[PDB]
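Residue numbers (the entry's author numbering), protein chains in the order written: chain F, 517 to 546, 569 to 663; chain R, 517 to 546, 569 to 663; chain Z, 517 to 546, 569 to 663; chain U, 31 to 57, 66 to 141, 150 to 184, 189 to 309, 312 to 321, 321A, 322 to 398, 410 to 503; chain P, 128 to 141, 150 to 183; chain V, 272 to 309, 312 to 321. Report on the structure given below.
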Amino acid sequence: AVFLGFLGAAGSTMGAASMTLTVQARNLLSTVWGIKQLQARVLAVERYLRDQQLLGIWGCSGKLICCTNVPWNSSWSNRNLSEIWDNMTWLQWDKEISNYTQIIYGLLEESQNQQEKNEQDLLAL
Amino acid sequence: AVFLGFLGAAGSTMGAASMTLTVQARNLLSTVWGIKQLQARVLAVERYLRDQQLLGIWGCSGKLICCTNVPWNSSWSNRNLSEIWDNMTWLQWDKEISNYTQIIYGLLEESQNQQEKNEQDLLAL
Amino acid sequence: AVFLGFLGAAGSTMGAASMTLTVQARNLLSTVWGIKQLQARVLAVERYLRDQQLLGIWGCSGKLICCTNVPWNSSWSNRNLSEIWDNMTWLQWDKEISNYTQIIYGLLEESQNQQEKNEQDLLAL
Amino acid sequence: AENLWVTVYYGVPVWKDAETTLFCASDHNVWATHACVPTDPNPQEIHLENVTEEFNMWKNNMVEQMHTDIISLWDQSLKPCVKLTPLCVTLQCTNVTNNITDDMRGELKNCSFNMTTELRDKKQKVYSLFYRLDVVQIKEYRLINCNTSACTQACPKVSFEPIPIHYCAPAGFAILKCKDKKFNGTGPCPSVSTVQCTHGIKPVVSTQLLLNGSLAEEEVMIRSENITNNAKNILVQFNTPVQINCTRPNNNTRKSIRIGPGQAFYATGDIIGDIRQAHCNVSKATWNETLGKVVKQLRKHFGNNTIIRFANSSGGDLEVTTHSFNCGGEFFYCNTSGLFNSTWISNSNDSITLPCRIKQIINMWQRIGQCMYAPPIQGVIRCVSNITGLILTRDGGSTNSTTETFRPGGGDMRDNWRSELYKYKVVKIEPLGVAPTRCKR
Amino acid sequence: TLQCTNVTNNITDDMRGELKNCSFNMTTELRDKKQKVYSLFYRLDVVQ
Amino acid sequence: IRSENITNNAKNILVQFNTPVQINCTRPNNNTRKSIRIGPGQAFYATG
Ligand SMILES: *[C@@H]1O[C@H](CO)[C@@H](O[C@@H]2O[C@H](CO)[C@@H](O[C@@H]3O[C@H](CO)[C@@H](O)[C@H](O[C@H]4O[C@H](CO)[C@@H](O)[C@H](O)[C@@H]4O[C@H]4O[C@H](CO)[C@@H](O)[C@H](O)[C@@H]4O)[C@@H]3O)[C@H](O)[C@H]2NC(C)=O)[C@H](O)[C@H]1NC(C)=O
Ligand SMILES: *[C@@H]1O[C@H](CO)[C@@H](O[C@@H]2O[C@H](CO)[C@@H](O)[C@H](O)[C@H]2NC(C)=O)[C@H](O)[C@H]1NC(C)=O
Ligand SMILES: *[C@@H]1O[C@H](CO)[C@@H](O[C@@H]2O[C@H](CO)[C@@H](O)[C@H](O)[C@H]2NC(C)=O)[C@H](O)[C@H]1NC(C)=O
Ligand SMILES: *[C@@H]1O[C@H](CO)[C@@H](O[C@@H]2O[C@H](CO)[C@@H](O)[C@H](O)[C@H]2NC(C)=O)[C@H](O)[C@H]1NC(C)=O
Ligand SMILES: *[C@@H]1O[C@H](CO)[C@@H](O[C@@H]2O[C@H](CO)[C@@H](O)[C@H](O)[C@H]2NC(C)=O)[C@H](O)[C@H]1NC(C)=O
Ligand SMILES: *[C@@H]1O[C@H](CO)[C@@H](O[C@@H]2O[C@H](CO)[C@@H](O)[C@H](O)[C@H]2NC(C)=O)[C@H](O)[C@H]1NC(C)=O
Ligand SMILES: *[C@@H]1O[C@H](CO)[C@@H](O[C@@H]2O[C@H](CO)[C@@H](O)[C@H](O)[C@H]2NC(C)=O)[C@H](O)[C@H]1NC(C)=O
Ligand SMILES: *[C@@H]1O[C@H](CO)[C@@H](O[C@@H]2O[C@H](CO)[C@@H](O)[C@H](O)[C@H]2NC(C)=O)[C@H](O)[C@H]1NC(C)=O
Ligand SMILES: *[C@@H]1O[C@H](CO)[C@@H](O[C@@H]2O[C@H](CO)[C@@H](O)[C@H](O)[C@H]2NC(C)=O)[C@H](O)[C@H]1NC(C)=O
Ligand SMILES: *[C@@H]1O[C@H](CO)[C@@H](O[C@@H]2O[C@H](CO)[C@@H](O)[C@H](O)[C@H]2NC(C)=O)[C@H](O)[C@H]1NC(C)=O
Ligand SMILES: *[C@@H]1O[C@H](CO)[C@@H](O[C@@H]2O[C@H](CO)[C@@H](O)[C@H](O)[C@H]2NC(C)=O)[C@H](O)[C@H]1NC(C)=O
Ligand SMILES: *[C@@H]1O[C@H](CO)[C@@H](O[C@@H]2O[C@H](CO)[C@@H](O)[C@H](O)[C@H]2NC(C)=O)[C@H](O)[C@H]1NC(C)=O
Ligand SMILES: *[C@@H]1O[C@H](CO)[C@@H](O[C@@H]2O[C@H](CO)[C@@H](O)[C@H](O)[C@H]2NC(C)=O)[C@H](O)[C@H]1NC(C)=O
Ligand SMILES: *[C@@H]1O[C@H](CO)[C@@H](O)[C@H](O)[C@H]1NC(C)=O
Ligand SMILES: *[C@@H]1O[C@H](CO)[C@@H](O)[C@H](O)[C@H]1NC(C)=O
Ligand SMILES: *[C@@H]1O[C@H](CO)[C@@H](O)[C@H](O)[C@H]1NC(C)=O
Ligand SMILES: *[C@@H]1O[C@H](CO)[C@@H](O)[C@H](O)[C@H]1NC(C)=O
Ligand SMILES: *[C@@H]1O[C@H](CO)[C@@H](O)[C@H](O)[C@H]1NC(C)=O
Ligand SMILES: *[C@@H]1O[C@H](CO)[C@@H](O)[C@H](O)[C@H]1NC(C)=O
Ligand SMILES: *[C@@H]1O[C@H](CO)[C@@H](O)[C@H](O)[C@H]1NC(C)=O
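Set out below in structure tokens:
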């Protein structure tokens, strides 16, 4: 069996699944039938570029695990780390939190520019 | 009205326009009619990749406001910061300095490699 | 003559050839005939994205000369730097060591994640 | 106290349901493998441990994609072939009375007609043999398709033999396969795996019987979207196949008539020897055992003490009323009346013979205005096939009567494709994720 | 080759000669047979 | 009133109104259509 590989860590906990992000990251990129294949490749490239742009805008460019300055609001979730990182799966967490997605993205986006401005001001001196 | 948003800061000064780079940054990526749509889509990805490569080569990868080492030559422009960052628009500055574009690009390109070489030399010790 | 430019440093030594990586870096991106041109452009974009992803996974994102933590095994090559960086060309080295490519890539990939984890642990304190 | 901060993870193993376009993977034919990618000699599959996924075979877009692709390939294959437009002429036909039996009297007509030639100002008188199902009286007859649309002739070089084809999803997507036996195509499958491409699926076109299909690994399986409702078909999958031997024993002869510059029409010159009906044979004991297993399984859903009846088809077009298939280019339509004829009550070497007919003007898909004239095949033909499933329909079903009557079904080709892709689904990955974590930037 | 005649069935002064009643032979489903048919055409569509 | 070069007569003048003007067009003849089969699956529609 090939239990471990690519998506094999889907059923494991978030802590255990956090050690195998690279296997998922690698595969995201790779007459009538050729047209369909080209369309699919174009869509895949667009999706990959969208994901890369979203990662870069938040300042975590070229990083798989990147914790940031935005604090966690208790309203979005109340469970503690004890019952999350070793007592839950990534799919369950995404299902629970899928409603609260865009607000954190906006918070990261507006937080990155302040850090950039402060760095520029510090380097001005 | 939706005065503020995307290109709403076009008429504002450079200092005020520099606070909203992200809203312009986001939108750069996103039977006979389908062919035209695909042809149009093919070009946007190429333009975005060209811009990203040009930014990365200078060493400002993953940064919206990145200062560099090349000094400013007084010949290209004589106006001081007092009448630029709060008494001029980005369009006017680009129109004024559209002639002298490539030289600074080359200077940045040649300057980045020296910093890389020096960093390698220091880390060698 | 245009002896220097793009691939002009192909016949030079590795030490001399390493000074002009940017010229090669720039050019990697840029009715029946249009279909062939579009196919070629799609393949070129895919190849460029693959190369960029492979560079990014190893932690050398946005760098032309980036050293890493994986040590060099003497079994793969026994020649010293004295007879390599000024007594050999890049083509000869690539021909010699074309066999042992993937193992170093895997070592780099597995080494990057440990550094990221250690950085997260240090910042946790 | 908690002092947590948001953190972004790239490459989280999370997937969502989605629809996309799949492409080829395969090892002169109608199912063009020229434009299909080669298959890897060593396919890879990754079993997902402790992962249960919802499945529903009746909402699969893969079936629609397969149907559309098959129709497109069929249309493409016939593009570079001769069009039989001049054939719409007044025929003069007589009955064939040369060594025929008591059942094939009037089944063949010897027709004569004028036709064009390579030269624009010349005509030639020719003759041919036609089937009674192809000619309609206007001692004067015409082709049935003349008043509907002018239609073409299948090129003789291409072959109708099915070839296995694998479907592969693009990058950023995945195909989930349910390895749980006894899974009935709807519900939560607990045993799941990820596969880059599907297994070889033969696009076999047949009605009233699934031929050269896949066999259940445990026992006879019964599937239906809503078993209580009689308007939905029932798919029965066998755990063992049944051998069926079909044959046309007539020794046909082919001749070519030049109807224009570089245009030839292939006609049936004459039949050598005796003329007899084509027929199929099915083992009797094996069929009885299979029907016993089928009724045993059906008793689970439709009561334990009910009477289970197998009868004949209700009616309709010849394609839906009769088991329709094709062997070696010849299109057989056969009368499966001796098989589905019995009653079951709760409590040697003879073979069932189906005599049956052949057709040349074919409307394969449920479309009007396009034919496919099959050129005749030279010599006697025979083949052997595996019956591995059935499509059944419940007649009536009101509470007034406790006896259940099941009849043959078919017609729609989507049922044939649904029998192979019932355990497959497609999802798209969502690598980005956000979580809480102690460290701060 | 169409054979046309003037229509003189309940027309006004301004619509005299505007419509032509034309008969002609035509093909059919069978390439052997032919059929005689007729129709009405506009003066701007038919030239002598 | 819009024009590329109002002085030159060779350029058209585009006039855009402020309020629209209603125009009612009508053909009062009671036409009848008949189909003639000119071939296999080919029909020509004529004014009977
Ligand atoms: C279920 O599966 C079974 C087995 O997998 C299928 O049964 C097989 O069917 C195939 C096709 O009918 C058959 O292969 C033929 O065998 C014939 C006898 O040996 C061959 O003569 C024939 O070759 C001719 O056709 C080819 C194209 O298919 C040509 O490439 C070839 O040159 C031959 O054509 C010449 O001869 C003809 C006739 O004289 C002439 O008109 C041509 O111009 C040309 O000169 C095929 O190889 C297998 O033998 C069958 N297998 C068994 C065990 O019997 C069955 O059909 C499947 N069921 C369904 C519904 O598809
Ligand atoms: C179909 O009809 C044709 C024409 O009548 C038959 O061909 C004739 O066969 C006889 C002998 O059987 C010859 O004497 C004639 O010369 C043939 N006619 C032509 C035009 O060649 C043909 O045999 C008939 N076929 C069958 C099966 O009855
Ligand atoms: C082939 O064409 C010939 C004539 O071109 C047909 O013979 C004619 O048949 C008609 C009957 O409708 C007679 O009125 C003519 O006098 C015949 N002419 C000649 C020269 O024989 C012949 O019947 C056609 N073939 C078939 C099978 O119908
Ligand atoms: C399966 O089919 C039955 C029969 O149609 C469905 O039950 C019917 O539902 C309709 C919905 O309005 C009612 O009007 C009928 O009175 C019902 N009849 C019976 C006998 O129950 C049933 O809902 C279908 N199954 C599902 C899951 O929808
Ligand atoms: C189907 O079965 C029938 C008998 O039920 C077979 O008919 C026999 O065929 C053989 C051929 O070798 C002859 O020798 C016998 O004389 C035939 N007997 C009868 C009664 O017809 C038939 O051949 C079988 N066909 C197939 C394809 O299996
Ligand atoms: C269908 O055809 C196959 C092969 O022609 C038959 O299998 C043969 O059966 C005879 C009679 O028992 C044996 O002598 C042969 O050895 C068998 N051959 C093979 C390859 O198995 C089969 O019996 C036929 N089925 C029917 C219902 O007639
Ligand atoms: C299934 O069996 C019935 C009963 O024999 C068939 O009904 C016969 O149909 C034919 C027409 O082809 C009539 O001449 C007979 O009189 C009918 N039988 C009776 C008893 O009336 C029916 O045709 C069979 N199914 C198919 C598809 O043929
Ligand atoms: C399918 O086969 C059955 C069984 O032979 C046919 O039923 C017979 O039909 C004929 C009419 O051609 C009747 O004379 C017989 O009495 C019927 N037999 C029985 C047992 O009912 C049936 O007609 C066939 N299907 C078709 C479409 O012909
Ligand atoms: C009909 O079914 C039999 C039994 O499943 C098939 O014979 C098997 O063929 C496979 C080939 O993939 C072999 O691995 C098995 O060992 C065979 N089993 C037996 C008992 O012989 C047969 O190939 C099928 N016929 C067709 C035409 O598909
Ligand atoms: C156009 O001409 C045709 C043919 O002359 C007219 O149809 C004829 O009408 C008369 C009386 O209405 C009938 O007695 C004939 O039998 C018709 N001929 C045919 C071939 O059907 C038609 O009425 C004329 N139309 C107009 C508007 O004048
Ligand atoms: C339709 O075709 C017929 C037959 O060709 C035409 O009638 C012929 O007309 C020519 C020229 O006027 C005469 O030489 C023939 O003697 C006619 N033959 C017959 C049998 O009438 C007829 O005129 C054609 N229709 C139209 C509207 O032109
Ligand atoms: C608008 O049209 C007028 C008339 O052509 C242009 O004026 C003419 O320009 C040509 C250019 O060689 C002279 O030869 C004529 O003598 C001029 N005629 C007059 C009456 O001036 C005028 O230039 C056009 N407008 C613009 C903006 O080009
Ligand atoms: C256009 O105007 C004319 C009058 O100038 C209208 O003609 C009248 O139409 C009505 C229709 O209901 C008749 O009752 C009158 O007898 C007609 N009178 C005259 C003098 O022709 C005509 O109807 C108008 N058409 C439209 C579409 O408005
Ligand atoms: C041909 O035979 C059939 C069946 O016996 C009969 O109905 C038909 O009238 C015959 N036609 C002839 C002799 O032209
Ligand atoms: C063609 O003729 C058959 C039988 O004469 C008839 O059933 C069919 O409806 C006709 N086709 C059309 C398009 O009317
Ligand atoms: C069989 O199908 C029905 C359809 O509703 C479903 O409820 C049931 O769970 C299925 N059987 C199994 C074992 O999953
Ligand atoms: C069919 O006829 C041809 C020509 O006479 C002959 O060669 C062939 O053997 C015949 N086929 C059979 C099965 O008898
Ligand atoms: C159907 O089965 C009955 C048994 O009751 C039998 O008498 C009859 O002949 C069968 N019909 C056919 C067509 O085999
Ligand atoms: C039809 O009427 C027009 C106009 O009155 C006339 O010019 C033409 O000659 C007429 N044609 C005839 C009577 O054939
Ligand atoms: C046109 O003629 C038809 C057929 O007589 C009739 O039903 C219809 O009412 C007529 N139209 C008008 C506007 O009178």
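Cβ atoms here follow ideal geometry from the backbone N, Cα and C, with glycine treated the same way.
Ligand 6 heavy atom lying under 7 Å from the CB of U/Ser334: yes
Do you know how far the Cα of U/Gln440 is from the Cα of P/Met161? 40 Å
Any chain Z beta carbon closer than 8 Å to U/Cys74: no
N- and C-terminal bounds of the beta strand (DSSP E) containing U/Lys117: Neither: U/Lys117 is in no beta strand (DSSP E) and is coded neither H nor E.
Under 7 Å Cβ-Cβ, which residues of chain U neighbour Z/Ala662? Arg500, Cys501
Residues of chain F with CB closer than 9 Å to the CB of R/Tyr586, please, in chain order. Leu587, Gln591
Once the 5 residues before and after U/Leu261 are set aside, which same chain residues still bring their CB inside 7 Å of it? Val254, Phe376, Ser447, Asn448, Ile449
Closer than 7 Å: is that where the CB of U/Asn283 sits relative to any heavy atom of ligand 4? no
For a contact defined as C-beta to C-beta under 8 Å, what are the partners of residue 548 of chain Z on chain F? Here chain Z is numbered 546 followed immediately by 569, so the structure offers no position for residue 548 of chain Z.
Measure the Cβ-Cβ separation of residue 27 of chain U and U/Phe288 and say whether it is below 8 Å. This structure leaves residue 27 of chain U out entirely; chain U is present only between 31 and 503.
Name the two residues that bound the continuous beta strand (DSSP E) containing U/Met271. 271 to 273
Please name the residue, chosen from U/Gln293, U/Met100, U/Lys351, U/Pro313, that lies closest to U/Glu164 on a Cα-to-Cα basis. U/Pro313
Which same chain residues end up closer than 7 Å to F/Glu647 when comparing Cβ atoms and leaving out the 5 residues on each side of it in sequence? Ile595, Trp596
On a Cα-Cα basis, can you pick out the residue from U/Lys227, U/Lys169, U/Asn300, U/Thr132 that is closest to U/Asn156? U/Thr132
Let me know the secondary structure DSSP gives U/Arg456 once reduced to three states. strand
Any heavy atom of ligand 4 closer than 7 Å to the Cβ of U/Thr455? no
Report yes or no: is there a C-beta of chain V within less than 8 Å of the C-beta of P/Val172? yes
Taking a Cβ distance cut-off of 8 Å, strictly less, list which residues of the stretch 600 to 624 of chain F are near chain Z, in chain order. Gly600, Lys601, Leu602, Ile603, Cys605
Please name the residue in U/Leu129, U/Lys351, U/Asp47 whose C-alpha comes closest to that of U/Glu190. U/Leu129
Chain R partners of Z/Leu545, CB-CB under 8 Å? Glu584, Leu587, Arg588, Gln591
With a cut-off of 8 Å, does the C-beta of V/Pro291 fall near any C-beta of chain P? no
Start and end residues, beta strand (DSSP E) containing R/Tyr638: Neither: R/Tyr638 is in no beta strand (DSSP E) and is coded neither H nor E.
If you pair each beta-carbon of the stretch 276 to 285 of chain U with each one of the stretch 357 to 373 of chain U, do three or more pairs fall below 8 Å? no
Would you say R/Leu576 lies against chain F (beta-carbon separation less than 8 Å)? yes
If you run the structure through DSSP and keep just helix, strand and coil, what is R/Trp614? coil
Members of the stretch 105 to 132 of chain U near chain P, C-beta cut-off 7 Å: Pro124, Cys126, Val127, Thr128
U/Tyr384 (DSSP reduced to helix, strand or coil): strand
For the 8 Å Cβ check, are there 3 or more pairs between the stretch 649 to 660 of chain Z and the stretch 615 to 627 of chain Z? no
So who's on the other strand from Z/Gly644, going by DSSP bridges? Paired residue(s): none; Z/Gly644 is not in a bridge.
Among F/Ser649, F/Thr639, F/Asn651, the one whose alpha carbon lies nearest that of U/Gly495: F/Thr639
Does any CB atom of chain F fall closer than 8 Å to the CB of U/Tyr486? no
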